[PDB]
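File shown here: structure.cif, holding mmCIF, N, CA and C atoms and all ligand atoms.
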```cif
data_protein
loop_
_atom_site.label_atom_id
_atom_site.label_comp_id
_atom_site.auth_asym_id
_atom_site.auth_seq_id
_atom_site.Cartn_x
_atom_site.Cartn_y
_atom_site.Cartn_z
N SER A 1355 -2.37 -4.26 -20.01
CA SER A 1355 -1.79 -5.63 -19.80
C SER A 1355 -0.57 -5.51 -18.88
N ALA A 1356 -0.20 -6.61 -18.24
CA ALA A 1356 0.94 -6.62 -17.33
C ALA A 1356 2.24 -6.34 -18.07
N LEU A 1357 3.00 -5.37 -17.55
CA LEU A 1357 4.34 -5.13 -18.04
C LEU A 1357 5.22 -6.33 -17.77
N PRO A 1358 6.14 -6.64 -18.70
CA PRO A 1358 7.02 -7.81 -18.50
C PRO A 1358 7.88 -7.68 -17.25
N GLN A 1359 7.80 -8.67 -16.37
CA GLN A 1359 8.55 -8.63 -15.11
C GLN A 1359 10.08 -8.72 -15.33
N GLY A 1360 10.49 -9.36 -16.44
CA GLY A 1360 11.92 -9.54 -16.70
C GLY A 1360 12.63 -8.28 -17.12
N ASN A 1361 11.83 -7.24 -17.41
CA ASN A 1361 12.40 -5.93 -17.71
C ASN A 1361 12.49 -5.01 -16.49
N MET A 1362 12.03 -5.50 -15.34
CA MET A 1362 12.00 -4.70 -14.11
C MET A 1362 13.19 -5.05 -13.23
N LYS A 1363 13.45 -4.16 -12.28
CA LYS A 1363 14.41 -4.43 -11.22
C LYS A 1363 13.72 -4.09 -9.90
N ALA A 1364 13.73 -5.06 -8.98
CA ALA A 1364 13.11 -4.88 -7.67
C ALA A 1364 14.18 -4.60 -6.62
N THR A 1365 13.93 -3.57 -5.81
CA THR A 1365 14.75 -3.27 -4.64
C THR A 1365 13.79 -3.10 -3.46
N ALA A 1366 14.30 -3.22 -2.24
CA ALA A 1366 13.44 -3.05 -1.08
C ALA A 1366 14.22 -2.42 0.04
N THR A 1367 13.49 -1.80 0.94
CA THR A 1367 14.15 -1.21 2.11
C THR A 1367 14.66 -2.27 3.07
N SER A 1368 14.06 -3.45 3.01
CA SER A 1368 14.46 -4.56 3.86
C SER A 1368 14.17 -5.82 3.06
N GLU A 1369 15.10 -6.76 3.05
CA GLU A 1369 14.85 -8.07 2.47
C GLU A 1369 15.59 -9.13 3.27
N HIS A 1370 14.92 -10.23 3.52
CA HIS A 1370 15.59 -11.38 4.12
C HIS A 1370 16.48 -12.09 3.09
N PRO A 1371 17.63 -12.61 3.55
CA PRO A 1371 18.50 -13.27 2.58
C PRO A 1371 17.86 -14.52 1.96
N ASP A 1372 18.48 -15.06 0.93
CA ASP A 1372 17.94 -16.21 0.23
C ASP A 1372 18.07 -17.50 1.07
N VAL A 1373 16.97 -17.87 1.73
CA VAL A 1373 16.93 -19.08 2.55
C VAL A 1373 16.04 -20.14 1.87
N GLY A 1374 15.76 -19.94 0.58
CA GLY A 1374 15.07 -20.89 -0.31
C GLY A 1374 13.99 -20.25 -1.18
N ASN A 1375 12.85 -20.00 -0.57
CA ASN A 1375 11.74 -19.39 -1.29
C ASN A 1375 11.46 -17.97 -0.83
N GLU A 1376 12.41 -17.41 -0.10
CA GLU A 1376 12.32 -16.06 0.44
C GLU A 1376 13.77 -15.66 0.80
N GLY A 1377 14.08 -14.38 1.01
CA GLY A 1377 13.11 -13.30 0.95
C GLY A 1377 13.60 -12.14 0.11
N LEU A 1378 14.48 -12.42 -0.86
CA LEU A 1378 15.04 -11.36 -1.72
C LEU A 1378 13.93 -10.62 -2.47
N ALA A 1379 14.07 -9.30 -2.59
CA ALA A 1379 13.11 -8.50 -3.38
C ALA A 1379 12.82 -9.03 -4.78
N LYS A 1380 13.86 -9.52 -5.44
CA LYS A 1380 13.67 -10.03 -6.80
C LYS A 1380 12.71 -11.23 -6.89
N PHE A 1381 12.51 -11.90 -5.76
CA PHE A 1381 11.54 -12.98 -5.73
C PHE A 1381 10.10 -12.49 -5.93
N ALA A 1382 9.86 -11.19 -5.79
CA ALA A 1382 8.47 -10.68 -5.98
C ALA A 1382 8.12 -10.53 -7.47
N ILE A 1383 9.11 -10.67 -8.36
CA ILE A 1383 8.87 -10.43 -9.80
C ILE A 1383 9.52 -11.53 -10.66
N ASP A 1384 9.49 -12.76 -10.17
CA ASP A 1384 10.08 -13.89 -10.92
C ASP A 1384 9.06 -14.82 -11.58
N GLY A 1385 7.78 -14.46 -11.51
CA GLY A 1385 6.71 -15.27 -12.11
C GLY A 1385 6.48 -16.60 -11.41
N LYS A 1386 6.96 -16.72 -10.18
CA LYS A 1386 6.88 -17.95 -9.38
C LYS A 1386 6.09 -17.66 -8.12
N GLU A 1387 4.94 -18.31 -7.99
CA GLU A 1387 4.04 -18.05 -6.87
C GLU A 1387 4.54 -18.63 -5.54
N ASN A 1388 5.50 -19.57 -5.63
CA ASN A 1388 6.11 -20.17 -4.43
C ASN A 1388 7.27 -19.39 -3.82
N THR A 1389 7.77 -18.37 -4.52
CA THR A 1389 8.88 -17.56 -4.01
C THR A 1389 8.36 -16.18 -3.64
N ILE A 1390 8.90 -15.64 -2.55
CA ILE A 1390 8.38 -14.38 -2.03
C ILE A 1390 9.49 -13.43 -1.62
N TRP A 1391 9.26 -12.13 -1.83
CA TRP A 1391 10.00 -11.12 -1.05
C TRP A 1391 9.49 -11.20 0.37
N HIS A 1392 10.38 -11.07 1.33
CA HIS A 1392 9.97 -10.99 2.75
C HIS A 1392 10.91 -10.01 3.43
N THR A 1393 10.37 -9.16 4.29
CA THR A 1393 11.21 -8.24 5.05
C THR A 1393 12.22 -9.04 5.89
N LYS A 1394 13.35 -8.41 6.20
CA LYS A 1394 14.40 -9.03 7.03
C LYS A 1394 13.89 -9.36 8.42
N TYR A 1395 14.17 -10.58 8.87
CA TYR A 1395 13.83 -10.94 10.23
C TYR A 1395 15.07 -11.55 10.92
N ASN A 1396 14.92 -11.88 12.21
CA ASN A 1396 16.04 -12.33 13.07
C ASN A 1396 17.25 -11.35 13.10
N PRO A 1397 17.05 -10.13 13.65
CA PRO A 1397 15.80 -9.64 14.20
C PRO A 1397 15.02 -8.88 13.13
N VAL A 1398 13.75 -8.64 13.44
CA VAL A 1398 12.87 -7.90 12.56
C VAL A 1398 13.39 -6.49 12.31
N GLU A 1399 13.29 -6.07 11.05
CA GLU A 1399 13.33 -4.65 10.71
C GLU A 1399 11.88 -4.22 10.60
N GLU A 1400 11.46 -3.37 11.54
CA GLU A 1400 10.05 -3.05 11.75
C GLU A 1400 9.42 -2.30 10.58
N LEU A 1401 8.13 -2.53 10.37
CA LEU A 1401 7.33 -1.78 9.39
C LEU A 1401 7.22 -0.33 9.86
N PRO A 1402 7.04 0.62 8.93
CA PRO A 1402 6.90 0.43 7.47
C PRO A 1402 8.18 -0.01 6.76
N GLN A 1403 8.00 -0.88 5.77
CA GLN A 1403 9.05 -1.16 4.83
C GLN A 1403 8.37 -1.23 3.47
N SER A 1404 9.17 -1.11 2.42
CA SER A 1404 8.63 -1.04 1.06
C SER A 1404 9.45 -1.83 0.04
N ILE A 1405 8.83 -2.09 -1.11
CA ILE A 1405 9.50 -2.71 -2.25
C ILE A 1405 9.22 -1.82 -3.46
N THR A 1406 10.28 -1.52 -4.21
CA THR A 1406 10.16 -0.67 -5.41
C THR A 1406 10.47 -1.47 -6.66
N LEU A 1407 9.61 -1.33 -7.67
CA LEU A 1407 9.86 -1.90 -8.98
C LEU A 1407 10.24 -0.79 -9.93
N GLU A 1408 11.46 -0.85 -10.45
CA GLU A 1408 11.85 0.01 -11.57
C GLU A 1408 11.35 -0.70 -12.83
N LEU A 1409 10.51 -0.01 -13.60
CA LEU A 1409 9.66 -0.69 -14.62
C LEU A 1409 10.33 -1.09 -15.94
N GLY A 1410 11.47 -0.46 -16.23
CA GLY A 1410 12.15 -0.66 -17.50
C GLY A 1410 11.70 0.32 -18.56
N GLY A 1411 11.03 1.38 -18.14
CA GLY A 1411 10.59 2.46 -19.01
C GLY A 1411 9.66 3.38 -18.24
N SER A 1412 9.20 4.42 -18.91
CA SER A 1412 8.25 5.36 -18.34
C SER A 1412 6.89 5.04 -18.94
N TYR A 1413 6.00 4.45 -18.14
CA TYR A 1413 4.72 3.96 -18.62
C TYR A 1413 3.53 4.62 -17.98
N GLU A 1414 2.47 4.80 -18.76
CA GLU A 1414 1.17 5.22 -18.22
C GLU A 1414 0.45 4.03 -17.63
N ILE A 1415 0.49 3.94 -16.30
CA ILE A 1415 0.01 2.76 -15.60
C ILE A 1415 -1.35 3.00 -14.98
N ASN A 1416 -2.12 1.93 -14.84
CA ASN A 1416 -3.46 2.10 -14.28
C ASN A 1416 -3.92 0.99 -13.38
N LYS A 1417 -3.09 -0.04 -13.18
CA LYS A 1417 -3.48 -1.14 -12.30
C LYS A 1417 -2.23 -1.77 -11.68
N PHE A 1418 -2.41 -2.35 -10.50
CA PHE A 1418 -1.33 -3.00 -9.77
C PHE A 1418 -1.90 -4.19 -9.05
N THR A 1419 -1.24 -5.35 -9.10
CA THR A 1419 -1.76 -6.49 -8.35
C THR A 1419 -0.71 -7.00 -7.38
N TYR A 1420 -1.19 -7.39 -6.20
CA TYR A 1420 -0.37 -7.95 -5.14
C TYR A 1420 -0.87 -9.36 -4.88
N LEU A 1421 0.00 -10.35 -5.13
CA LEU A 1421 -0.31 -11.75 -4.80
C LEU A 1421 0.45 -12.13 -3.54
N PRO A 1422 -0.27 -12.43 -2.45
CA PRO A 1422 0.38 -12.87 -1.22
C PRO A 1422 1.00 -14.24 -1.39
N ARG A 1423 1.90 -14.55 -0.45
CA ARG A 1423 2.41 -15.91 -0.30
C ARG A 1423 1.25 -16.93 -0.19
N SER A 1424 1.57 -18.18 -0.50
CA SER A 1424 0.58 -19.25 -0.47
C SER A 1424 0.83 -20.20 0.68
N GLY A 1425 -0.26 -20.61 1.32
CA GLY A 1425 -0.19 -21.67 2.32
C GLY A 1425 0.23 -21.27 3.72
N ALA A 1426 0.50 -19.98 3.91
CA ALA A 1426 0.86 -19.40 5.22
C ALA A 1426 0.60 -17.89 5.11
N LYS A 1427 0.70 -17.16 6.23
CA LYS A 1427 0.27 -15.74 6.25
C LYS A 1427 1.28 -14.67 6.70
N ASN A 1428 2.42 -15.05 7.27
CA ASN A 1428 3.38 -14.02 7.75
C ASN A 1428 3.74 -13.05 6.63
N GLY A 1429 3.51 -11.78 6.92
CA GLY A 1429 3.83 -10.72 5.96
C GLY A 1429 2.71 -10.35 5.00
N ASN A 1430 1.58 -11.06 5.04
CA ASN A 1430 0.43 -10.65 4.22
C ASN A 1430 0.11 -9.21 4.58
N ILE A 1431 0.16 -8.35 3.56
CA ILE A 1431 0.09 -6.92 3.81
C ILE A 1431 -1.37 -6.51 4.02
N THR A 1432 -1.64 -5.82 5.12
CA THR A 1432 -3.04 -5.49 5.45
C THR A 1432 -3.31 -3.99 5.48
N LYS A 1433 -2.26 -3.18 5.49
CA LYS A 1433 -2.44 -1.74 5.33
C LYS A 1433 -1.29 -1.25 4.44
N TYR A 1434 -1.64 -0.56 3.36
CA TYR A 1434 -0.66 -0.26 2.30
C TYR A 1434 -0.80 1.17 1.80
N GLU A 1435 0.27 1.63 1.14
CA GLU A 1435 0.21 2.77 0.21
C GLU A 1435 0.90 2.31 -1.06
N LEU A 1436 0.45 2.84 -2.19
CA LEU A 1436 1.14 2.67 -3.47
C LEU A 1436 1.62 4.04 -3.92
N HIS A 1437 2.90 4.14 -4.21
CA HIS A 1437 3.53 5.39 -4.67
C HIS A 1437 4.16 5.18 -6.04
N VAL A 1438 4.35 6.27 -6.80
CA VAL A 1438 5.06 6.20 -8.07
C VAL A 1438 6.14 7.28 -8.14
N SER A 1439 7.12 7.09 -9.01
CA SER A 1439 8.17 8.08 -9.24
C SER A 1439 8.47 8.10 -10.72
N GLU A 1440 8.94 9.23 -11.22
CA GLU A 1440 9.46 9.33 -12.57
C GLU A 1440 10.97 9.60 -12.56
N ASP A 1441 11.59 9.58 -11.38
CA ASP A 1441 13.05 9.76 -11.33
C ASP A 1441 13.78 8.75 -10.45
N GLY A 1442 13.04 7.90 -9.75
CA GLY A 1442 13.67 6.90 -8.89
C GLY A 1442 13.95 7.37 -7.48
N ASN A 1443 13.79 8.68 -7.25
CA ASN A 1443 14.11 9.29 -5.95
C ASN A 1443 12.91 9.93 -5.27
N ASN A 1444 12.17 10.72 -6.04
CA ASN A 1444 11.03 11.47 -5.52
C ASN A 1444 9.73 10.74 -5.83
N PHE A 1445 8.97 10.38 -4.79
CA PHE A 1445 7.75 9.56 -4.94
C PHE A 1445 6.48 10.34 -4.60
N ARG A 1446 5.36 9.93 -5.18
CA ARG A 1446 4.06 10.52 -4.90
C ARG A 1446 3.04 9.42 -4.68
N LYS A 1447 2.16 9.62 -3.70
CA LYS A 1447 1.15 8.64 -3.35
C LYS A 1447 0.01 8.64 -4.35
N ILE A 1448 -0.32 7.45 -4.85
CA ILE A 1448 -1.49 7.28 -5.72
C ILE A 1448 -2.64 6.39 -5.20
N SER A 1449 -2.36 5.62 -4.15
CA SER A 1449 -3.36 4.72 -3.57
C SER A 1449 -3.01 4.41 -2.13
N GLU A 1450 -4.04 4.13 -1.34
CA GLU A 1450 -3.86 3.72 0.06
C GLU A 1450 -5.13 3.03 0.53
N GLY A 1451 -4.97 2.13 1.48
CA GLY A 1451 -6.11 1.41 2.02
C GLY A 1451 -5.73 0.19 2.84
N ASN A 1452 -6.77 -0.58 3.12
CA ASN A 1452 -6.64 -1.83 3.86
C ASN A 1452 -6.93 -3.02 2.97
N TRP A 1453 -6.26 -4.13 3.26
CA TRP A 1453 -6.49 -5.41 2.57
C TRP A 1453 -6.73 -6.46 3.62
N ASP A 1454 -7.57 -7.45 3.30
CA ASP A 1454 -7.73 -8.58 4.22
C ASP A 1454 -6.47 -9.44 4.24
N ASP A 1455 -6.32 -10.25 5.28
CA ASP A 1455 -5.11 -11.05 5.40
C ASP A 1455 -5.15 -12.42 4.71
N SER A 1456 -6.17 -12.65 3.89
CA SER A 1456 -6.24 -13.88 3.11
C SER A 1456 -5.20 -13.90 1.97
N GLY A 1457 -5.01 -15.09 1.39
CA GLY A 1457 -4.12 -15.26 0.23
C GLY A 1457 -4.68 -14.80 -1.10
N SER A 1458 -5.84 -14.14 -1.11
CA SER A 1458 -6.43 -13.69 -2.37
C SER A 1458 -5.57 -12.61 -3.03
N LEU A 1459 -5.55 -12.65 -4.35
CA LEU A 1459 -4.98 -11.56 -5.16
C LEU A 1459 -5.66 -10.26 -4.77
N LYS A 1460 -4.84 -9.24 -4.55
CA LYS A 1460 -5.35 -7.91 -4.23
C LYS A 1460 -5.05 -7.01 -5.42
N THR A 1461 -6.10 -6.35 -5.93
CA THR A 1461 -5.96 -5.52 -7.13
C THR A 1461 -6.26 -4.06 -6.83
N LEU A 1462 -5.37 -3.21 -7.32
CA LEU A 1462 -5.57 -1.74 -7.27
C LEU A 1462 -5.77 -1.23 -8.66
N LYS A 1463 -6.78 -0.37 -8.83
CA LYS A 1463 -7.03 0.29 -10.12
C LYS A 1463 -7.10 1.76 -9.83
N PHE A 1464 -6.40 2.56 -10.63
CA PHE A 1464 -6.28 3.98 -10.29
C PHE A 1464 -6.18 4.83 -11.55
N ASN A 1465 -6.38 6.14 -11.39
CA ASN A 1465 -6.16 7.13 -12.46
C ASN A 1465 -4.87 6.85 -13.22
N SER A 1466 -4.94 6.85 -14.54
CA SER A 1466 -3.73 6.67 -15.34
C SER A 1466 -2.65 7.67 -14.91
N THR A 1467 -1.43 7.19 -14.71
CA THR A 1467 -0.37 8.11 -14.31
C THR A 1467 0.97 7.61 -14.84
N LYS A 1468 1.88 8.55 -15.10
CA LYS A 1468 3.17 8.23 -15.70
C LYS A 1468 4.17 7.81 -14.62
N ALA A 1469 4.85 6.69 -14.80
CA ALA A 1469 5.79 6.20 -13.78
C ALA A 1469 6.95 5.46 -14.41
N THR A 1470 8.15 5.67 -13.87
CA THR A 1470 9.28 4.78 -14.12
C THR A 1470 9.50 3.78 -12.99
N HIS A 1471 8.88 4.04 -11.84
CA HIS A 1471 9.05 3.22 -10.63
C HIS A 1471 7.73 3.18 -9.91
N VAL A 1472 7.43 2.03 -9.31
CA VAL A 1472 6.27 1.84 -8.45
C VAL A 1472 6.72 1.25 -7.12
N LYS A 1473 6.26 1.86 -6.03
CA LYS A 1473 6.69 1.46 -4.69
C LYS A 1473 5.46 1.02 -3.91
N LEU A 1474 5.50 -0.21 -3.44
CA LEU A 1474 4.48 -0.71 -2.53
C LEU A 1474 4.96 -0.59 -1.08
N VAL A 1475 4.27 0.24 -0.30
CA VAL A 1475 4.61 0.50 1.11
C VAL A 1475 3.70 -0.36 1.99
N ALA A 1476 4.32 -1.25 2.76
CA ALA A 1476 3.62 -2.03 3.79
C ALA A 1476 3.64 -1.30 5.13
N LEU A 1477 2.49 -0.74 5.50
CA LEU A 1477 2.36 -0.03 6.77
C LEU A 1477 2.14 -1.04 7.87
N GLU A 1478 1.36 -2.06 7.54
CA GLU A 1478 1.04 -3.16 8.48
C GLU A 1478 0.98 -4.46 7.73
N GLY A 1479 1.41 -5.55 8.38
CA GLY A 1479 1.30 -6.87 7.79
C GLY A 1479 1.26 -7.93 8.85
N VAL A 1480 0.85 -9.12 8.45
CA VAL A 1480 0.64 -10.20 9.45
C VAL A 1480 1.96 -10.49 10.17
N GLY A 1481 1.93 -10.49 11.52
CA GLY A 1481 3.13 -10.73 12.30
C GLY A 1481 4.06 -9.54 12.41
N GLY A 1482 3.70 -8.44 11.76
CA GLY A 1482 4.59 -7.29 11.68
C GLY A 1482 5.70 -7.42 10.64
N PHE A 1483 5.57 -8.41 9.76
CA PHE A 1483 6.44 -8.60 8.61
C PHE A 1483 5.68 -8.09 7.37
N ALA A 1484 6.40 -7.95 6.26
CA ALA A 1484 5.74 -7.78 4.96
C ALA A 1484 6.31 -8.78 3.99
N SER A 1485 5.43 -9.34 3.17
CA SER A 1485 5.88 -10.28 2.14
C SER A 1485 5.02 -10.18 0.90
N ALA A 1486 5.54 -10.68 -0.23
CA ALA A 1486 4.79 -10.65 -1.50
C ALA A 1486 5.29 -11.75 -2.42
N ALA A 1487 4.37 -12.57 -2.93
CA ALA A 1487 4.77 -13.64 -3.85
C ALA A 1487 5.01 -13.09 -5.24
N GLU A 1488 4.06 -12.29 -5.74
CA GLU A 1488 4.17 -11.72 -7.09
C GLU A 1488 3.52 -10.36 -7.12
N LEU A 1489 4.22 -9.41 -7.76
CA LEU A 1489 3.70 -8.07 -8.02
C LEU A 1489 3.65 -7.85 -9.50
N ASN A 1490 2.54 -7.27 -9.97
CA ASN A 1490 2.40 -6.92 -11.40
C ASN A 1490 1.90 -5.49 -11.58
N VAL A 1491 2.34 -4.87 -12.67
CA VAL A 1491 2.07 -3.44 -12.95
C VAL A 1491 1.49 -3.43 -14.37
N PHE A 1492 0.33 -2.79 -14.54
CA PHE A 1492 -0.38 -2.83 -15.83
C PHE A 1492 -0.42 -1.49 -16.51
N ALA A 1493 -0.15 -1.49 -17.82
CA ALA A 1493 -0.22 -0.27 -18.62
C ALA A 1493 -1.02 -0.56 -19.88
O1 LIG B 1501 10.06 -15.44 11.73
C1 LIG B 1501 9.52 -15.11 10.45
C2 LIG B 1501 9.35 -16.35 9.57
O2 LIG B 1501 8.33 -17.17 10.10
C3 LIG B 1501 8.28 -18.42 9.44
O3 LIG B 1501 7.34 -19.23 10.09
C4 LIG B 1501 7.78 -18.21 8.02
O4 LIG B 1501 7.66 -19.44 7.32
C5 LIG B 1501 8.76 -17.25 7.32
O5 LIG B 1501 8.27 -17.01 6.01
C6 LIG B 1501 8.92 -15.98 8.15
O6 LIG B 1501 7.66 -15.28 8.18
CA CA B 1502 7.70 -14.96 -6.71
NA NA B 1503 6.61 9.64 -23.21
NA NA B 1504 -9.24 12.12 -8.50
#
```

For the file at hand, write its structure as structure tokens.
Amino acid sequence: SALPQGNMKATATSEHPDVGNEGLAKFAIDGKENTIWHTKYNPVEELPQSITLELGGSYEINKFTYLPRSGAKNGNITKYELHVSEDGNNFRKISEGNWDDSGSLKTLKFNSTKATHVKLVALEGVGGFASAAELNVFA
């Protein structure tokens, strides 16, 4: 089941300031589909950029979901890696691939692994931005 988002802390390598529904990292874990993390723009901080969720404990995780922004496409992530850490500093890759640029929920299912942190790396995204409406981590 999804770990409680209110026990997590989101940080990112790049985040746009709060201009309403974007683009602070914490907007990716607020349970609100209208608010999004978005990489910093004006000017762009180029991809790759990433968002890390500190989980609020060390959990055996097996699924991750990425919900894109709704009603528009800038930052819809189309090439990704998923990494995990048990110390907040040293990361290891557990998933990688391509996603379509539609607003559909994107789900990753993987070998059970122990993590205190999960990092979603946007290698490519629509417009060269990365964005995320909601991220969930399942244990
Ligand atoms: O310049 C980048 C910006 O483009 C806007 O059109 C969009 O609504 C923002 O979310 C951001 O992607
Ligand atoms: Ca949100
Ligand atoms: Na343990
Ligand atoms: Na394997």

| message | Every residue with an atom at most 10 Å from (-6.7, -0.3, -16.4) (file coordinates; only C-alpha atoms) is what I'm after, so could you write them as an MDAnalysis selection string? | response | chainID A and resid 1355:1356 1414:1418 1462:1466 1491:1493

| said: Please identify all protein, DNA and RNA residues within 7 Å of ligand LIG 1501 (chain B), counting only N, CA and C atoms and all ligand atoms, and report them as a list in words. | reply: residues 1376, 1395, 1396, 1427, 1428, 1429 and 1483 of chain A

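Atom C of residue 1443 of chain A is positioned 16.2 Å from atom CA of residue 1467 of chain A.
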
| note | Of A:1487, A:1476, A:1357, A:1407, the one sitting nearest residue 1422 of chain A when using only N, CA and C atoms is A:1487

| request: Name the closest residue to ligand NA 1503 (chain B) among the candidates A:1397, A:1433, A:1382, A:1413; distances are taken between atoms, counting all atoms listed in the file. | output: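 Result for the nearest residue to ligand NA 1503 (chain B): A:1413.
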
| residue 1384 of chain A surroundings by all atoms listed in the file, 8 Å radius, close-in-sequence under 4 positions cut, as a list in words |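 Listing them by chain and then by number gives residues 1359, 1360, 1379, 1380, 1389, 1487, 1488 and 1489 of chain A.
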
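The gap separating atom CA of residue 1446 of chain A from atom CA of residue 1480 of chain A is 25.4 Å, in Å to one decimal.
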
| field | DSSP strand (DSSP E) selection over segment 1368-1492 of chain A, as number ranges by chain | value | A: 1391-1392, 1403-1421, 1431-1439, 1445-1452, 1460-1479, 1485-1486, 1488-1492

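Atom C of residue 1485 of chain A is found 14.2 Å from atom N of residue 1400 of chain A.
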
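Using only C-alpha atoms, the protein and nucleic acid residues lying no more than 9 Å from residue 1469 of chain A, apart from those fewer than 2 places from it along its own chain, are residues 1408, 1409, 1411, 1412, 1413, 1414, 1415, 1438, 1439, 1440, 1441, 1467, 1471 and 1472 of chain A.
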
| Within 6 Å of residue 1378 of chain A using all atoms listed in the file, minus same-chain residues under 5 positions, as a ChimeraX atom specification | /A:1369-1372,1390-1392

Please produce a file of those selected residues containing N, CA and C atoms, as a PDB file, in the frame of the given file.
```
ATOM      1  N   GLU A1369      15.100  -6.760   3.050  1.00  0.00           N
ATOM      2  CA  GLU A1369      14.850  -8.070   2.470  1.00  0.00           C
ATOM      3  C   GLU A1369      15.590  -9.130   3.270  1.00  0.00           C
ATOM      4  N   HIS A1370      14.920 -10.230   3.520  1.00  0.00           N
ATOM      5  CA  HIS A1370      15.590 -11.380   4.120  1.00  0.00           C
ATOM      6  C   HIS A1370      16.480 -12.090   3.090  1.00  0.00           C
ATOM      7  N   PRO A1371      17.630 -12.610   3.550  1.00  0.00           N
ATOM      8  CA  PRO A1371      18.500 -13.270   2.580  1.00  0.00           C
ATOM      9  C   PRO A1371      17.860 -14.520   1.960  1.00  0.00           C
ATOM     10  N   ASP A1372      18.480 -15.060   0.930  1.00  0.00           N
ATOM     11  CA  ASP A1372      17.940 -16.210   0.230  1.00  0.00           C
ATOM     12  C   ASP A1372      18.070 -17.500   1.070  1.00  0.00           C
ATOM     13  N   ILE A1390       8.900 -15.640  -2.550  1.00  0.00           N
ATOM     14  CA  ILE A1390       8.380 -14.380  -2.030  1.00  0.00           C
ATOM     15  C   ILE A1390       9.490 -13.430  -1.620  1.00  0.00           C
ATOM     16  N   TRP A1391       9.260 -12.130  -1.830  1.00  0.00           N
ATOM     17  CA  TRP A1391      10.000 -11.120  -1.050  1.00  0.00           C
ATOM     18  C   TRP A1391       9.490 -11.200   0.370  1.00  0.00           C
ATOM     19  N   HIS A1392      10.380 -11.070   1.330  1.00  0.00           N
ATOM     20  CA  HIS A1392       9.970 -10.990   2.750  1.00  0.00           C
ATOM     21  C   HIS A1392      10.910 -10.010   3.430  1.00  0.00           C
TER      22      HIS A1392
END
```

Padding 8 Å on every side, please: axis-aligned box over the listed atoms of segment 1385-1396 of chain A, centre and edge lengths to one decimal in Å, as JSON.
```
{"center_x": 10.6, "center_y": -14.2, "center_z": 0.5, "size_x": 29.2, "size_y": 27.9, "size_z": 41.2}
```

| message | Need to verify the contact set: residue 1420 of chain A, 7 Å, only C-alpha atoms, exclusion of same-chain residues closer than 5 positions in sequence. Can you return it as a ChimeraX atom specification? | response | /A:1459-1461,1486,1488-1490

Which residues come within 8 Å of residue 1402 of chain A, counting all atoms listed in the file, excluding same-chain residues fewer than 4 positions away, as a PDB file with N, CA and C atoms, in the coordinates of the input?
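The new file out.pdb reads:
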```pdb
ATOM      1  N   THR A1367      13.490  -1.800   0.940  1.00  0.00           N
ATOM      2  CA  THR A1367      14.150  -1.210   2.110  1.00  0.00           C
ATOM      3  C   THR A1367      14.660  -2.270   3.070  1.00  0.00           C
ATOM      4  N   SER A1368      14.060  -3.450   3.010  1.00  0.00           N
ATOM      5  CA  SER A1368      14.460  -4.560   3.860  1.00  0.00           C
ATOM      6  C   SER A1368      14.170  -5.820   3.060  1.00  0.00           C
ATOM      7  N   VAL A1475       4.270   0.240  -0.300  1.00  0.00           N
ATOM      8  CA  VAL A1475       4.610   0.500   1.110  1.00  0.00           C
ATOM      9  C   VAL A1475       3.700  -0.360   1.990  1.00  0.00           C
ATOM     10  N   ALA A1476       4.320  -1.250   2.760  1.00  0.00           N
ATOM     11  CA  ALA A1476       3.620  -2.030   3.790  1.00  0.00           C
ATOM     12  C   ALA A1476       3.640  -1.300   5.130  1.00  0.00           C
ATOM     13  N   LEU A1477       2.490  -0.740   5.500  1.00  0.00           N
ATOM     14  CA  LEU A1477       2.360  -0.030   6.770  1.00  0.00           C
ATOM     15  C   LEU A1477       2.140  -1.040   7.870  1.00  0.00           C
ATOM     16  N   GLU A1478       1.360  -2.060   7.540  1.00  0.00           N
ATOM     17  CA  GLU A1478       1.040  -3.160   8.480  1.00  0.00           C
ATOM     18  C   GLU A1478       0.980  -4.460   7.730  1.00  0.00           C
TER      19      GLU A1478
END
```

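The nearest approach to residue 1454 of chain A among the residues A:1430, A:1381, A:1366, A:1387, with all atoms listed in the file taken into account, belongs to A:1430.
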
| query | Which one is closest to residue 1424 of chain A: A:1436, A:1457, A:1484, A:1383? Count only C-alpha atoms. | reply |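 Closest to residue 1424 of chain A of all the choices is A:1457.
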
| Pick from A:1432, A:1394, A:1458, A:1473, whichever lies nearest to residue 1445 of chain A using only N, CA and C atoms |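 Distance minimum relative to residue 1445 of chain A lands on A:1473.
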